[PDB]
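Worksheet: one structure, shown below.
Values in this text are rule-based calculations from the coordinates and carry no lab data. Here the Cβ positions follow ideal geometry from the backbone for every residue, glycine too, while neighbour counts run over all protein chains shown.
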Amino acid sequence: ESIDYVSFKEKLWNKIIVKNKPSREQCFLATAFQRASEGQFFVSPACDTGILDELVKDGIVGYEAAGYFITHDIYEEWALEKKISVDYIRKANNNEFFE
Amino acid sequence: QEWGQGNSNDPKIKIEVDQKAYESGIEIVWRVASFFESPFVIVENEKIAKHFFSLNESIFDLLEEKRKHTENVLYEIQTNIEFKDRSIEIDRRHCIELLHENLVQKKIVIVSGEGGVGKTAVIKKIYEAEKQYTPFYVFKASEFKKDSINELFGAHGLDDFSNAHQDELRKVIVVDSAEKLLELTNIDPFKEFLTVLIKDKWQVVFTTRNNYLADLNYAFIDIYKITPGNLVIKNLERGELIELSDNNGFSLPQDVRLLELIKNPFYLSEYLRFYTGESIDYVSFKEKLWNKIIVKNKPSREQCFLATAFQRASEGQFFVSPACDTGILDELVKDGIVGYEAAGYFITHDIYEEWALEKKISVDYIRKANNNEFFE
Amino acid sequence: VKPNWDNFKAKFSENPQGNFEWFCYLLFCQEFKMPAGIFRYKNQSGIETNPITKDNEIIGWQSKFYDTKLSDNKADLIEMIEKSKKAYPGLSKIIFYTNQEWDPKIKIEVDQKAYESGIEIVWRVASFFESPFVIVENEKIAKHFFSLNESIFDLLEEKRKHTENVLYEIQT
Ligand SMILES: Nc1ncnc2c1ncn2[C@@H]1O[C@H](COP(=O)(O)OP(=O)(O)OP(=O)(O)O)[C@@H](O)[C@H]1O
Ligand SMILES: [Mg+2]
């Protein structure tokens, strides 16, 4: 009488966002964090050649002349949680992590 | 041939041979040239008749061409290591029996593991046990770069080749190095290939590295509604390598980081290529591995690898984000030298990281203005 | 497919008579259910093969490809009828195939020669090849003789099976 939620989100992240390119995953994580950090709705990220245009043709990311934005709120939440996990793995101490 | 008109109209030689047949207790049924002109030969059995009456290629010729291809593909594959006039084999009979069992219970099997571990040699040992009794064909994943799948089968189609085996219950196709399918810009011919094979009830085997494993499992479960069998092949354990060393008569290296390398059968095969007088010619081994594995023929590969190793050693970090040229880390990940995870990139073997730092020190020594600047 | 004798004459210009005979042999074997063929002597006289037997009636066949109307050819038919009974005394029926068309007088004359011989003649003139027995039932045989580009009908099978392969993936 319930869904297996961790399996659902794992299949969706790998199939829709990553596909099979490491550059796509690094691009999407950077894009979500810059919005959450600067407070801006539209951003212009630093990325490898063609990755943002490819994400726009997938419909995952949207574009207007002011910059790029993320189409679905659920995917932006998943991205922020994964970025926190990465910084937890790479820390020297707790005070650095919270900075 | 045909008889000439002289049954009441028969010529004398025919009634003489017919008389001797009867006197021996036998009836003869005569099938002269007008038999081969009839619907039984010409319309019903046209695929057989075309072999003998035509100078064009035929279905027998197609099966011959594909068998030749299978023998050519497996020629280079090595199944043992040869050393001081003696042959060394790792026992694989457990894995081979598991594969025979899976093919009875299930339609599709995936064989998986890291590079150089022996996935294709197992397939070679299956083939040598079955080539006479059963249809068995091997295709490289490189071959599906075509506009149409029928380009692989000459003037015949895929459906013709499949129909030639319709009376066989056991029949196998192997797709080899499946992770190279990620290099194709058009995947539509391969999907049609699988659709025909699933409909006609072939058994199918894949060999793959670990990066493409989930994609294969998803595709069979989502589209064709099949749960495939999975098998994993691994490097040696330390006790197994000790017994190899004792039984076959070679001494193991003293360096812990080299001992971790030769647990993989490809690298053990290289180690025993430079061995003489109960020691190894270490300089030649080092030179061959650096130039053939890491550099190949690109300067940009060597520059990227040196920068990655030094960044790890400088920052005190296992995972890093290197500032490489725009496609080189992906090429090194496909080679299996560099690894990737969501936290960053890392280096797979320790011995290569030591060698990288030593070359970096040599370069900084060549370029220095004075000794204090070098140590800084 | 549709009957076209210009296509036939363009395809089989090195030997028209010999290919028309084979077209009739295949249709005869289909009509009288003799799928493994019939015995035949070299330079066989009167009729094209040895006779068959069915419900106590004995039957043979003959074919002719002509540029003339049949009225010009009466002597061949009289010769056919007389030369057959000389060789196969019990013969009851002959079936005759041709690309031509003729009720007219000459048919009555040749029928009388057959009648006095006691032999029945059945005529398969050009309108026979307009029949659905040729065109619709035995279509695979008819396609060989009347089509300039018979391989086009394989292409119309290849695209059809391609379409079935494409839609197998789709879930409703
Ligand atoms: N049973 C065995 N005993 C000893 N050495 C073996 C054995 N099987 C394989 N090897 C060695 O391992 C090497 C690599 O084998 P193989 O080509 O099958 O690897 P693989 O797993 O298919 O690799 P790849 O992923 O690169 O295609 C062989 O060239 C041979 O030297
Ligand atoms: Mg291999």
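Remarks
- Value at 222 nm in deg cm²/dmol, rounded to 500, when DSSP H runs of n ≥ 4 in the protein assembly as shown each add -39,500 (n - 2.57): -13500 deg cm²/dmol
- With the highest mean first, a sort of the peptides B:301-312, B:59-70 on other beta-carbon atoms found within 10 angstrom per residue produces B:301-312, B:59-70.
- Averaged over B:243-256, number of beta-carbon atoms from partner chains that fall within 10 Å: 0
- For region C:70-109 versus region B:82-161, the inter-centroid distance based on Cα atoms is 68 Å.
- For a straight C-alpha distance cut-off of 24 angstrom, the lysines reachable from B:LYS286 (same-chain residues fewer than eight places away being disregarded) are B:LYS84, B:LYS263, B:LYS296, B:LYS298, B:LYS334, B:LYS359, B:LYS360.
- Per residue of C:40-46, other chain Cβ atoms within 10 Å of the residue Cβ number 5 on average.
- Set of region B:305-334 residues, backbone N closer than 20 Å to the point 7 Å along the Cα-Cβ line of B:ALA219: B:334
- Counts of other chain beta carbons within 10 angstrom of each beta carbon in peptide B:31-43 average 6.
- For the set C:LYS2/C:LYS42; C:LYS85/C:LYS105; C:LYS9/C:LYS140; B:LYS50/B:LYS191; C:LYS11/C:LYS105; B:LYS119/B:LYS191, the pairs lying more than 26 angstrom apart at their alpha carbons are C:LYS2/C:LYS42; B:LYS50/B:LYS191; C:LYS11/C:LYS105.
- In this label model, B:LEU63 and A:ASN94 are separated by 7.4 nm, measuring between points 7 Å along each Cα→Cβ vector.
- Region C:23-59 and region B:296-342 have Cα centres spaced 82 Å apart.
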